[PDB]
Amino acid sequence: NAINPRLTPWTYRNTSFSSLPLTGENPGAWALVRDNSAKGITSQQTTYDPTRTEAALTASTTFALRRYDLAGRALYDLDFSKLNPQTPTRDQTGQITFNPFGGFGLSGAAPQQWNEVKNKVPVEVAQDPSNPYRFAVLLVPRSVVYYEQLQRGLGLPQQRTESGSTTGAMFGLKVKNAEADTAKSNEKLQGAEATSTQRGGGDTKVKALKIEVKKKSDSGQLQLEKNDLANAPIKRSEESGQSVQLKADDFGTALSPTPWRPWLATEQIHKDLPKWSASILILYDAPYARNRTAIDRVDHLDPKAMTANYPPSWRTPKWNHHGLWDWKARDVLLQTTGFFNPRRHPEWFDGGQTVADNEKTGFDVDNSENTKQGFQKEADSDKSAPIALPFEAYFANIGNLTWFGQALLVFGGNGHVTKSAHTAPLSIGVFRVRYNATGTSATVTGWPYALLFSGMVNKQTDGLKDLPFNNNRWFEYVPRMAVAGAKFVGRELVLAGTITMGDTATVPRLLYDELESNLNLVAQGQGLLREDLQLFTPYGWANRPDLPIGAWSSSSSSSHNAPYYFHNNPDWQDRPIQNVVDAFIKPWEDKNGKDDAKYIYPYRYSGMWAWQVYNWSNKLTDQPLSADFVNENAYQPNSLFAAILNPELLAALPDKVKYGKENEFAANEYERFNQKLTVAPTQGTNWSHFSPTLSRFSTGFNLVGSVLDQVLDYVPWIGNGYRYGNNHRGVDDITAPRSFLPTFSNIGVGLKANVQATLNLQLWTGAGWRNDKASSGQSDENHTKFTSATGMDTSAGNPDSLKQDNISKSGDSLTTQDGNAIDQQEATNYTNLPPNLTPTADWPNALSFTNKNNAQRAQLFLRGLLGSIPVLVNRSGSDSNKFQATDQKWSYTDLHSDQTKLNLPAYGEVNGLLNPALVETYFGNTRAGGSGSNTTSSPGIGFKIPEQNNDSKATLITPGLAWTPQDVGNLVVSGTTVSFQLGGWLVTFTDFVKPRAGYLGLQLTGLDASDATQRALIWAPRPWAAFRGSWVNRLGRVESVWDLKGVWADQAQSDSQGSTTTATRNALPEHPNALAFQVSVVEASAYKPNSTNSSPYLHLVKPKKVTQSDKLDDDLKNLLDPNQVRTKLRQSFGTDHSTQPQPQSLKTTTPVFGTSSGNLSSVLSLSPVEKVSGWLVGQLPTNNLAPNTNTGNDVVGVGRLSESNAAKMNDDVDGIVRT
């Protein structure tokens, strides 16, 4: 019985592996086969014990391999549970005894510990490049193949409010402003140093805030005689008696709500390796021999082999290289502490959510004496939770075998094997199995990606510069990947997929008494809102996010402690002229690293998103390991990625990584006050040998950031097929002095700025300009006057009652003025400010006024390919709350006379885009209100500026698509290009191996939402379960396969027909893109103008405190479940012409891309940004779905599937046999 017919093909979800073609000396193929009719493991959910589950799965399932020939016939099967193999014999030279007629010499014994590994199932086969008869098969436990049937979800913290107690917070969020403790009122830092109410003034003197940390030479030693960094005059509030605090029992107690925990710890897997681990076995195969089957050995991929090479700083991930001051600063603000806190990242802790709080850090943080807090503890009852590799993360790291010499590499998979709705298990590193020359012994090791990627610089890429990829010597950046594959394009090892960057969304910190007005950012900081994008709520930020608590309150019992700690306002910043830097910085800047005292200068620092990112993220520089601030890590993969690796070093690295003392957090608080960002590696360590592994990397196009924003506007939304640029007719539109404003570009929007205002050019302002008017009143100026931008008419222009200053030119006397421009001339502030600080601000000549930045452009590119950019809405679109078509205007003729007709919120939405433009792309009200057909079929959702006495109670929502950033296909090669499937888009890195300068660098092909079957695939509740792999044809075109039968099975059963649990129970629905968003409350008086400036966006938009009445409505709280939005949108798409047969599988193929496709040299020979935008609009072509007419086609490489290049099938497919 060679061919078991009860078995049928299948595909392993984690790697898209279905089969392996073979050619040359051993032609044919290998394919996975199983009993596809079994149940697996079997709303009244119950607990499954692991042992009994694995027992029943062994007793009720069957897995094998199937061998084919060059003609496509099945030769035999290999059921490891029923096989009885024999280890093969060798000669004196250790070569496997083989002859093309007799087969292999069988010694008459089984492999070692074979009778305990035989029940594990094969999921991956890779052929040896040095021996076409030697294969490496990967085995996993049976319970891992059916883990998706257990459905163990992540929980929310239990709440006492629902809001739809008080404060209006939803989904369990704890938010409560902090108050000062009158008991510790002495612990405020005094501005001491010297050598004017608007500075340290102790009267009218310029004073810097002095921080001093000193030790006793008397008798964790030195006794820390004084620690200014332990001061805490501001403390967390008390609420119903007991203080508010982030506790791990918020999720329930381990045992109606129960916290999420890993199925098996790292320890249990290490202790039952034969049952619970994953194994590699070597296989010898000759299909035309007498003795054809011989199993050489079996090797285990022990998780501890990886966790033993983790950096030492990963043992206590609740700490960082900022010590105690940052711990208390983040704890008071209701945030998580450390770099990898378990409350944000529970998939890598054996405790799950039973440790998801801020306590037990491995250091003393609540001692009675301020001089004993911050000392690393050796007591073991107070040990922390270390970053580990439990069940789900461990099996997320298993896949993608690759040979090179004697080295067998395991790069990981995308994580769909153990992924849940609101979890994100990922690959943390690489496993290696290295064999000796004879193949008679093997060693197993693993290294984290953090270590292998530790030598990245800026000149190693060709796209965006300054991405948050840097790291430091503590390895606080933990790059995790969703791997597509590792392939050899000639001699180059290419690695590709998506990756987590460092966290930039919560870099800015709010003021301590502004939390209850900025609930969204507080949720992002508590780990409750699993959202990596930057949100636009800049009013309540502090001016800079790196100050200890001692600098927060006041010395005069006033408001916030300006000039040190006040409301962020880039209009109130100083200017970096010589006599100002000499007055405010130079008396002190030469004493910081001196006598153990650092100083905060009375210098006004302020800036928008780009300024915060450029100063407190981990952006890339030209020096490696030079990151001074790693804020946190991302929840999900938020960037496209591709890397080239030196394969010779990967097989030559050490087996065990030796870290030094330069890789640990300091033991006492005096030791880290005298720190250095760089320390040379110590003798007897090799952790610096892993750096040269990366030679080049890519994140997509080869474009400069501002040029990427026209490509992004030319890319359609995969939801309906309308481009994000809204057909905006480039620079020739009416929007300057069927078509709408664009989402990502400024070219043609607003006024034509030729600026010299602050520290020529021919750029634009965009939407939300605040130009002052000129003399007559009709002519417009190129700037905003400081006298207009700062006005007290609490006031959003001057909430902290700042005043002007000036410095008389000798370096001397300060202390007041209106700033006469004669002898005092040099005023501390600016005079002409840029005429924009909205989310669309982009000034190449003023960093403090820019909002768009590369770290956000990469995320917007990825989430725009996934079709899941959150939008801000305050109209539910339902009866009596519809967003009418006349509610929005775009013609600059009307906008110049009134700017609130654009409905730009300028508070609460995503940074970097035009929110009305995204509303127009998603829901299409402007293109709906231009015809009688479909009677405004738009669902009527959107945002409209509030009127006389209405407040805006808005929330962020997702359009409803279910593509995640872990939907990564397998990596295929075709010529000198690499390509893989990413959600619904087939990407192709065309200019990464051999960069052809003057080309875009990428090609995109997506699913066409104007075709019925592809549209059903796009809007499927689980569209990545239908992916069956990609492979290259004979002509050089990449083709993908989809199995649509589950899509039809789900379309046949409606579950969310009338679901209202979102608004009634405040639980997160089981949708992959459900996010615990909050409400943003803005009063109508915020959009009124002030007096030479009539712009509603002159100041920042001040929000309103959130109370138990400021909560959402029910009809709007309903849209927090993406299935309701999905229903409304597909109902707008309403039509019923089902195919019959409703094909069971569909096959897509890339079109033919010419030698002139994606070329920029034809237009790069006006600024290059405007040139590329104009070329795109020249190459650019009333309905709910944009028909794919193929005008947006092979001249750029950005195009969708034609009907002819997407072949449907009649019968479904689980596995694909390729010979």
# chains A, B, ... in the order shown; residues from 1 in each chain; ligands from 1
call {"tool": "select_by_dssp", "arguments": {"residues": "region 1046-1077 of chain A", "states": "helix (DSSP H, G or I)", "output": "PDB file with N, CA and C atoms, in the first residue's frame"}}
result
ATOM      1  N   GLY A1046     -14.065  28.450   1.787  1.00  0.00           N
ATOM      2  CA  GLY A1046     -14.374  28.954   3.115  1.00  0.00           C
ATOM      3  C   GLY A1046     -15.020  30.326   3.073  1.00  0.00           C
ATOM      4  N   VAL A1047     -14.656  31.134   2.079  1.00  0.00           N
ATOM      5  CA  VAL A1047     -15.309  32.425   1.888  1.00  0.00           C
ATOM      6  C   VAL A1047     -16.796  32.230   1.635  1.00  0.00           C
ATOM      7  N   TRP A1048     -17.144  31.269   0.775  1.00  0.00           N
ATOM      8  CA  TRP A1048     -18.553  30.991   0.516  1.00  0.00           C
ATOM      9  C   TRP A1048     -19.233  30.393   1.740  1.00  0.00           C
ATOM     10  N   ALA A1049     -18.526  29.540   2.481  1.00  0.00           N
ATOM     11  CA  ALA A1049     -19.108  28.952   3.684  1.00  0.00           C
ATOM     12  C   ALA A1049     -19.433  30.023   4.714  1.00  0.00           C
ATOM     13  N   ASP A1050     -18.608  31.069   4.786  1.00  0.00           N
ATOM     14  CA  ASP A1050     -18.890  32.165   5.708  1.00  0.00           C
ATOM     15  C   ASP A1050     -19.952  33.107   5.158  1.00  0.00           C
ATOM     16  N   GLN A1051     -19.987  33.309   3.840  1.00  0.00           N
ATOM     17  CA  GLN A1051     -21.030  34.127   3.235  1.00  0.00           C
ATOM     18  C   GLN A1051     -22.403  33.482   3.371  1.00  0.00           C
ATOM     19  N   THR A1061     -23.463  43.832  21.163  1.00  0.00           N
ATOM     20  CA  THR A1061     -22.717  43.596  22.396  1.00  0.00           C
ATOM     21  C   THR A1061     -21.618  44.636  22.585  1.00  0.00           C
ATOM     22  N   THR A1062     -21.142  45.228  21.487  1.00  0.00           N
ATOM     23  CA  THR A1062     -20.092  46.239  21.573  1.00  0.00           C
ATOM     24  C   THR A1062     -20.522  47.411  22.449  1.00  0.00           C
ATOM     25  N   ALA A1063     -21.753  47.891  22.261  1.00  0.00           N
ATOM     26  CA  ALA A1063     -22.207  49.065  22.998  1.00  0.00           C
ATOM     27  C   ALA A1063     -22.748  48.690  24.374  1.00  0.00           C
ATOM     28  N   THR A1064     -23.210  47.450  24.538  1.00  0.00           N
ATOM     29  CA  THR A1064     -23.900  47.048  25.757  1.00  0.00           C
ATOM     30  C   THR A1064     -22.994  46.408  26.801  1.00  0.00           C
ATOM     31  N   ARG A1065     -21.942  45.701  26.392  1.00  0.00           N
ATOM     32  CA  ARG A1065     -21.054  45.024  27.326  1.00  0.00           C
ATOM     33  C   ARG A1065     -19.647  45.598  27.337  1.00  0.00           C
TER      34      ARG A1065
END
call {"tool": "select_by_dssp", "arguments": {"residues": "region 857-1053 of chain A", "states": "strand (DSSP E)", "output": "JSON, numbers by chain"}}
result
{"A": [871, 872, 873, 952, 953, 954, 955, 956, 957, 972, 973, 974, 977, 978, 979, 980, 981, 982, 985, 986, 987, 988, 989, 1002, 1003, 1004, 1005, 1006, 1027, 1028, 1029, 1030, 1031, 1032, 1038, 1039, 1040, 1041, 1042, 1043]}
call {"tool": "residues_around", "arguments": {"residues": "residue 1133 (chain A)", "least_positions_apart": "3", "cutoff": "10 Å", "atoms": "only C-alpha atoms", "output": "PyMOL selection string"}}
result
chain A and resi 720+934+937-939+1127-1130+1136+1183-1185
call {"tool": "closest_residue", "arguments": {"among": "A:823, A:760, A:928, A:968", "to": "residue 1166 (chain A)", "atoms": "only C-alpha atoms"}}
result
A:760
call {"tool": "residues_around", "arguments": {"residues": "residue 662 (chain A)", "least_positions_apart": "6", "cutoff": "10 Å", "atoms": "only C-alpha atoms", "output": "PyMOL selection string"}}
result
chain A and resi 312+473-474+676-682
call {"tool": "closest_atom_pairs", "arguments": {"of": "region 643-688 of chain A", "to": "region 978-998 of chain A", "cutoff": "12 Å", "atoms": "only C-alpha atoms", "output": "Markdown table"}}
result
| residue | atom | partner | partner_atom | distance |
| --- | --- | --- | --- | --- |
| A:643 | CA | A:992 | CA | 9.0 |
| A:644 | CA | A:993 | CA | 8.4 |
| A:645 | CA | A:993 | CA | 11.5 |
call {"tool": "write_last_selection", "arguments": {"atoms": "N, CA and C atoms", "output": "mmCIF file, in the first residue's frame"}}
result
data_model
loop_
_atom_site.group_PDB
_atom_site.id
_atom_site.type_symbol
_atom_site.label_atom_id
_atom_site.label_comp_id
_atom_site.auth_asym_id
_atom_site.auth_seq_id
_atom_site.Cartn_x
_atom_site.Cartn_y
_atom_site.Cartn_z
ATOM 1 N N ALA A 643 15.809 42.329 3.363
ATOM 2 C CA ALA A 643 17.196 42.440 3.785
ATOM 3 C C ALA A 643 18.063 41.461 3.012
ATOM 4 N N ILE A 644 19.303 41.870 2.765
ATOM 5 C CA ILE A 644 20.330 41.019 2.176
ATOM 6 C C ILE A 644 21.317 40.662 3.276
ATOM 7 N N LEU A 645 21.693 39.390 3.343
ATOM 8 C CA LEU A 645 22.528 38.866 4.408
ATOM 9 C C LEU A 645 23.771 38.202 3.835
#
call {"tool": "residues_around", "arguments": {"residues": "residue 139 (chain A)", "least_positions_apart": "5", "cutoff": "10 Å", "atoms": "only C-alpha atoms", "output": "PyMOL selection string"}}
result
chain A and resi 117-125+277-281+298-301+398
call {"tool": "write_last_selection", "arguments": {"atoms": "N, CA, C and O atoms", "output": "compact mmCIF listing (two decimals), in the first residue's frame"}}
result
# COMPACT_ATOMS: atom_id res chain seq x y z
N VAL A 117 9.53 10.47 18.82
CA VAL A 117 9.30 11.56 17.88
C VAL A 117 8.40 11.17 16.72
O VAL A 117 8.02 12.04 15.93
N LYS A 118 8.03 9.89 16.60
CA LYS A 118 7.36 9.41 15.40
C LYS A 118 5.95 9.96 15.24
O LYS A 118 5.43 9.97 14.12
N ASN A 119 5.32 10.42 16.32
CA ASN A 119 3.96 10.94 16.24
C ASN A 119 3.88 12.37 15.75
O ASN A 119 2.78 12.86 15.48
N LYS A 120 5.01 13.06 15.63
CA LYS A 120 5.00 14.44 15.19
C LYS A 120 4.90 14.50 13.67
O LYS A 120 5.37 13.62 12.95
N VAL A 121 4.29 15.57 13.18
CA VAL A 121 3.84 15.62 11.79
C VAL A 121 4.77 16.47 10.93
O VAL A 121 5.29 17.50 11.39
N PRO A 122 5.01 16.07 9.68
CA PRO A 122 5.96 16.81 8.83
C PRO A 122 5.28 17.97 8.12
O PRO A 122 4.17 17.83 7.59
N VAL A 123 5.95 19.12 8.10
CA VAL A 123 5.35 20.35 7.58
C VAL A 123 6.27 21.06 6.60
O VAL A 123 5.87 22.04 5.96
N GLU A 124 7.51 20.59 6.46
CA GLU A 124 8.45 21.31 5.60
C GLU A 124 9.58 20.37 5.18
O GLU A 124 10.12 19.63 6.00
N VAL A 125 9.92 20.43 3.89
CA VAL A 125 10.99 19.62 3.31
C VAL A 125 11.90 20.52 2.49
O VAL A 125 11.43 21.35 1.70
N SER A 277 8.26 19.52 21.57
CA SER A 277 9.16 20.36 20.79
C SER A 277 8.94 20.15 19.30
O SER A 277 8.07 19.39 18.86
N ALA A 278 9.74 20.85 18.50
CA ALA A 278 9.77 20.65 17.06
C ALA A 278 11.11 20.07 16.66
O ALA A 278 12.16 20.48 17.17
N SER A 279 11.09 19.10 15.75
CA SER A 279 12.27 18.32 15.44
C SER A 279 12.59 18.38 13.95
O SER A 279 11.70 18.45 13.10
N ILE A 280 13.88 18.35 13.65
CA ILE A 280 14.40 18.17 12.30
C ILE A 280 14.89 16.74 12.20
O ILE A 280 15.60 16.26 13.09
N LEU A 281 14.52 16.05 11.13
CA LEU A 281 15.11 14.75 10.83
C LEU A 281 15.64 14.73 9.41
O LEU A 281 15.05 15.31 8.50
N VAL A 298 17.63 12.62 14.24
CA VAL A 298 16.56 13.52 14.66
C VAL A 298 17.14 14.53 15.63
O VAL A 298 17.78 14.16 16.62
N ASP A 299 16.91 15.81 15.36
CA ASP A 299 17.44 16.89 16.18
C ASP A 299 16.29 17.77 16.64
O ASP A 299 15.33 17.99 15.89
N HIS A 300 16.38 18.26 17.87
CA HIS A 300 15.32 19.07 18.47
C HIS A 300 15.65 20.55 18.38
O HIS A 300 16.82 20.94 18.50
N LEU A 301 14.63 21.36 18.17
CA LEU A 301 14.77 22.82 18.24
C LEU A 301 14.24 23.30 19.59
O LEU A 301 13.13 23.80 19.73
N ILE A 398 8.81 28.94 13.87
CA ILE A 398 9.20 27.67 13.26
C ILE A 398 8.78 27.66 11.80
O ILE A 398 7.58 27.68 11.49
call {"tool": "residues_around", "arguments": {"residues": "residue 582 (chain A)", "least_positions_apart": "5", "cutoff": "10 Å", "atoms": "only C-alpha atoms", "output": "list in words"}}
result
residues 576, 577, 587, 588, 589, 810, 811 and 812 of chain A
call {"tool": "write_last_selection", "arguments": {"atoms": "C-alpha atoms", "output": "PDB file, in the first residue's frame"}}
result
ATOM      1  CA  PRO A 576      18.806  79.520  17.786  1.00  0.00           C
ATOM      2  CA  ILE A 577      20.675  82.757  17.137  1.00  0.00           C
ATOM      3  CA  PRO A 587      26.406  79.351  31.272  1.00  0.00           C
ATOM      4  CA  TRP A 588      25.503  75.736  32.018  1.00  0.00           C
ATOM      5  CA  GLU A 589      26.134  73.493  28.984  1.00  0.00           C
ATOM      6  CA  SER A 810      26.515  91.989  24.505  1.00  0.00           C
ATOM      7  CA  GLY A 811      25.370  88.665  25.967  1.00  0.00           C
ATOM      8  CA  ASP A 812      23.963  90.566  28.946  1.00  0.00           C
TER       9      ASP A 812
END
call {"tool": "residues_around", "arguments": {"residues": "residue 414 (chain A)", "least_positions_apart": "4", "cutoff": "10 Å", "atoms": "only C-alpha atoms", "output": "number ranges by chain"}}
result
A: 13-16, 396-399, 418-419, 424-427, 481-485, 497-498, 965-970
call {"tool": "closest_residue", "arguments": {"among": "A:940, A:1023, A:540, A:975", "to": "residue 1036 (chain A)", "atoms": "only C-alpha atoms"}}
result
A:975
call {"tool": "closest_residue", "arguments": {"among": "A:5, A:647, A:141, A:570", "to": "residue 51 (chain A)", "atoms": "only C-alpha atoms"}}
result
A:141
call {"tool": "atom_distance", "arguments": {"atom1": "CA of residue 711 (chain A)", "atom2": "CA of residue 843 (chain A)"}}
result
19.3 Å
call {"tool": "atom_distance", "arguments": {"atom1": "CA of residue 172 (chain A)", "atom2": "CA of residue 871 (chain A)"}}
result
22.3 Å
call {"tool": "closest_residue", "arguments": {"among": "A:748, A:200, A:654, A:1089", "to": "residue 728 (chain A)", "atoms": "only C-alpha atoms"}}
result
A:748
